[PDB]
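Shown next, in structure tokens, is the structure this report addresses.
FYI, side chains are in, hydrogens and waters are out, and symmetry mates aren't considered; it's all heavy atoms of this structure. Just so we're on the same page: letters track the sequence lines, and every chain starts at 1.
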Amino acid sequence: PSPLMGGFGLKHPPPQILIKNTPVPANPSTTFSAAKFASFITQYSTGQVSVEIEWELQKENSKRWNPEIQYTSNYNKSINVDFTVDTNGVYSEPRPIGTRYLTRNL
Amino acid sequence: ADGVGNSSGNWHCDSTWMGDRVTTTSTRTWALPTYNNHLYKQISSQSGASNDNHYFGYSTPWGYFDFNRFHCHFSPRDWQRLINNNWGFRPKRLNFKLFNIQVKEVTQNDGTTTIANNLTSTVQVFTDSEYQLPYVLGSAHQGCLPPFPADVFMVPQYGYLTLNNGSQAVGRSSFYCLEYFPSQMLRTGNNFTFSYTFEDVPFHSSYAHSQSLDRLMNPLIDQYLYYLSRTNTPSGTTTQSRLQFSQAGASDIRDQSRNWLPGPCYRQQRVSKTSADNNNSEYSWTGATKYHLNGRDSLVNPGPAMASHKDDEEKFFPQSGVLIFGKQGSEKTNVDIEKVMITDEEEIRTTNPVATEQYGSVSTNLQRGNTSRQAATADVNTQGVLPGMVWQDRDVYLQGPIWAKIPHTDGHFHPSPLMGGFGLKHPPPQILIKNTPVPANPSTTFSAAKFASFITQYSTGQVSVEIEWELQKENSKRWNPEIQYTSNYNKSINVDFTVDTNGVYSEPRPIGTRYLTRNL
Amino acid sequence: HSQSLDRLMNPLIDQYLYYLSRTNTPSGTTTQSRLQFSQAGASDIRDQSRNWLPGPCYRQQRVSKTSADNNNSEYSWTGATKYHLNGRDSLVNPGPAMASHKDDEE
């Protein structure tokens, strides 16, 4: 049960966190009406969210002699630096980065 | 308690099943306007009304919180879990909470409606735990907690009726000022709570009898008792009077001696769901079943618990003998039959007489031979309680009421509410809530006239009701499977007891509780 | 009691229960059978669904304190309310507790 899109299969994954604004009714009628409220004060919410994850690492213990392939930035000059913002302050991710750079014997 | 910006409560809407108990908790968002412009107004029936419709009373600026319906606490899945597995249930205790109270000030300048917070205004809340106010709960009134937890509801206005001689009052009529009660004042950040314990009440009969009251015998063995089976014998070419007696068995099972009688009856007119089958006349009142009190006729609705119909007559129902619930979007006046859902009380026909038929027959004269007088009988359209009588109460429904207050009277017989539910001498107290009037700008010169100008404002908040119910577990020993409530597997445009594409919650049909079976 | 058994409701709020209010509708220039249902409020307060019933009754003949208003006959026993026991009639006096008269009939 490893996900086909990639990742860790969890029988009990991190739970869904559901958030919504409590409806605030607008001005009601002075006469009682059994119809459910359909007029509300327009509102939204803003705030900060923090996620902290602890990860366990499996340290490489290779005994190969020659150097390995490593992910690296390209030294040549460029208009924009990779994984930074441009003159519009727009953050971009130039390429997908996997994890399989070190080598291990079968 | 929590000033401005600190929540005074949380959303608790759920149910916990633990053995012989189920605790249902519900939270709703309510809106409370200003009623009567902070005034108490004497109200009465309009001039020209009939004597039966005459009334006198008072309208108060207060509202009240009503949760006297099962849908306010049980989800449809909760109801199905309750009725398919339990032979009975009853309420045990409840907890009530008001929290997250916001007072909003409304202003209107040059055609613009502006709403702003009022952090210093209060709302007055008190519970009538001494039952000193007229108990208007238990009259099947609108304004309850909506069945769907996501719906926002308006708090109904409180009002009561007192003695009236026509549209006028009498000296015995009582007036009640709700500000003469101690109430708790709540700003934004204050919360209200109280706990109530239900008195001991019988378990609701959430079962249908698998035996009939007239079929309680052993069909294999004859009785040792005799009954008069014949009154004459062939004599010559004519007849001669001669009494004969037989022991009753299976072939003459109707003549068997019995120990019990069917419950009391108050006959109702029979109406058919097929329109053409009904009489082409206006008989909703002339043919109605009524009781006479102080010169005024009141409709008997639904009246004593009686079976809606006999075998293979499901299209027939008593004229005012069953609860009729409105479908979603149904109007108030003269809606068609397809706009309403008519309940059925056929599960109690084992012990209760059919509503539209007579209780039985009694003798009216004294038969005698040779002048001769033949024996005569009459239908018993109304039957009071007799010794040895057994009956079942009216069923409760998901949309139906839960309880009612037993009137404070010297005598009463079987104080189960006729609309269905639990009769309580001390029911859950009325919870009265109103916005504290905030005077507008006063005159710089003193005026003894009472204030008539106020700042327009309403309040909104959350209400929580938690009820603990005791369960009577089914202990049946029948072999074949039982009837259970179930959803229909076939495909449909909409799922039952859900929202539609407009997000409108609807309850497609009334659900009773009598699906399991128990022997008589 | 300062309340009547048929006036125990809230006159401001309609009931959610329905009652059969009409049994026919105008059809063409004649009438056609058609059942209709309404929710009871203050205007049709007599049709409201109720939980209780008035106490038991054993009807008595009505006599007036104004002599001329009474029938000119001897009806103290023929019109009397009686119970039959072992072949003898006994007067029911005062009998089950019932109101002497309705409004404005002292």
Side-chain angles (χ1 to χ4, degrees), chain B residues 212-270 287 289 306-307 310-311 313 349 351-390, chain C residues 56-63 71-93 95-96:
Chain B
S212 194
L213 192 64
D214 55 358
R215 297 286 183 270
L216 290 181
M217 75 282 294
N218 187 357
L220 308 175
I221 313 296
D222 297 287
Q223 286 195 320
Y224 57 81
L225 291 172
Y226 280 79
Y227 77 97
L228 180 69
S229 59
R230 288 206 305 186
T231 57
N232 59 359
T233 37
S235 184
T237 60
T238 65
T239 57
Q240 177 180 231
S241 178
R242 159 98 74 66
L243 300 184
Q244 275 132 336
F245 307 86
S246 299
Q247 289 174 311
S251 56
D252 55 354
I253 199 166
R254 75 180 187 192
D255 300 301
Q256 292 213 17
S257 303
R258 292 176 179 85
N259 281 337
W260 316 110
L261 291 167
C265 165
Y266 204 65
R267 191 166 178 169
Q268 292 271 346
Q269 184 53 238
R270 190 178 72 178
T289 307
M306 287 180 308
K310 67 186 182 209
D311 288 330
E313 281 203 351
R349 74 190 165 197
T351 50
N352 294 44
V354 179
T356 68
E357 318 220 63
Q358 79 271 7
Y359 179 85
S361 297
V362 292
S363 188
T364 54
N365 65 349
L366 295 174
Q367 64 91 25
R368 158 202 49 185
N370 282 352
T371 77
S372 57
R373 179 185 299 121
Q374 315 226 333
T377 49
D379 263 24
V380 185
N381 302 306
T382 168
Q383 184 58 65
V385 173
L386 292 174
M389 252 188 197
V390 292
Chain C
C57 165
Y58 204 65
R59 191 166 178 169
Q60 292 271 346
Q61 184 53 238
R62 190 178 72 178
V63 173
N71 194 269
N72 184 43
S73 69
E74 181 40 59
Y75 55 90
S76 73
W77 186 246
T78 57
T81 307
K82 297 159 284 191
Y83 74 82
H84 199 76
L85 189 70
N86 197 35
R88 45 172 171 240
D89 277 332
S90 298
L91 186 66
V92 174
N93 186 19

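- Taken to the nearest 0.5 Å, the OG1 atom of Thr233(B) stands 5.5 Å off from the CD atom of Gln244(B).
- Residue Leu213(B) holds its CG atom at 9.5 Å from CH2 of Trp260(B), rounded to the nearest 0.5 Å.
- The nearest pair of heavy atoms linking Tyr359(B) to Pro262(B) is OH-O, 2.9 Å.
- Minimum interatomic distance between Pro264(B) and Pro353(B) (heavy atoms only, all atoms of both residues): O-CD, 4.1 Å.
- Atom OG1 of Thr78(C) is separated from atom CD of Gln61(C) by 9.0 Å, given to the nearest 0.5 angstrom.
- Using a 4.5 Å heavy-atom cutoff, the side chains of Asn232(B) and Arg242(B) are not in contact.
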Residue pair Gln268(B), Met306(B): steps toward the side chain to side chain contact (heavy atoms under 4.5 Å, CB included) verdict:
CA-CA 10 Å; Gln268(B) 292 271 346; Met306(B) 287 180 308; 4.3 Å; yes
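- Sorted by first and then second residue, the side chain to side chain donor-acceptor pair (under 3.5 Å) pairs involving residues 374-387 of chain B (not counting sequence neighbours) are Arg267(B)-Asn381(B).
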In a table with atom names and distances, give each donor-acceptor pair under 3.5 Å that connects a side chain of residues 247-257 of chain B to protein atoms at least two apart or in another chain.
residue, atom, partner, partner atom, Å
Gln247(B), NE2, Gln223(B), O, 3.4
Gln247(B), NE2, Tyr224(B), O, 3.4
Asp252(B), OD1, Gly249(B), N, 2.7
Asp252(B), OD2, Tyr227(B), OH, 2.8
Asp255(B), OD2, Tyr227(B), OH, 3.3
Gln256(B), NE2, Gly249(B), O, 2.9

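- Using a 4.0 Å cut-off between a side-chain N of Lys or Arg and a carboxylate O of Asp or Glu, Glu357(B) and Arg270(B) do not qualify as a salt bridge.
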Stepwise, does the side chain to side chain contact (heavy atoms under 4.5 Å, CB included) test hold for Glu74(C) with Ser76(C)?
CA-CA 6 Å; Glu74(C) 181 40 59; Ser76(C) 73; 2.6 Å; yes
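- With contacts defined as side-chain heavy-atom distances shorter than 4.5 Å, the pair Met389(B)/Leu261(B) qualifies.
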Identify all side-chain donor-acceptor contacts of residues 214-221 of chain B below 3.5 Å with residues at least two apart in sequence or on another chain.
residue, atom, partner, partner atom, Å
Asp214(B), OD1, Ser212(B), OG, 2.8
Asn218(B), OD1, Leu220(B), N, 3.3

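- Listed here is the closest heavy atom pair of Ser90(C) and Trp77(C): C-CH2, 4.3 Å.
- Under a cut-off of 6.0 angstrom, the local environment of CG in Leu366(B) is sparse, with at most 12 non-hydrogen atoms contributed by other residues, nucleotides or ligands.
- Shown here are the side-chain contact (heavy atoms from CB on, under 4.5 Å) partners of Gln367(B), two or more places apart in sequence or in another chain: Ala375(B).
- Listed by chain and residue number, nothing satisfies the side-chain hydrogen bond (donor to acceptor under 3.5 Å, both in side chains) test with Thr237(B) (two or more places apart in sequence, or in another chain).
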Using the rule given for side chain to side chain contact (heavy atoms under 4.5 Å, CB included), can you reason through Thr289(B) versus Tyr266(B), listing the C-alpha separation, both sets of side-chain angles and the distance that settles it, and then say yes or no?
CA-CA 8 Å; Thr289(B) 307; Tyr266(B) 204 65; 3.4 Å; yes
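- In this view, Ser241(B) satisfies the side-chain hydrogen bond (donor to acceptor under 3.5 Å, both in side chains) rule with no residue, not counting sequence neighbours.
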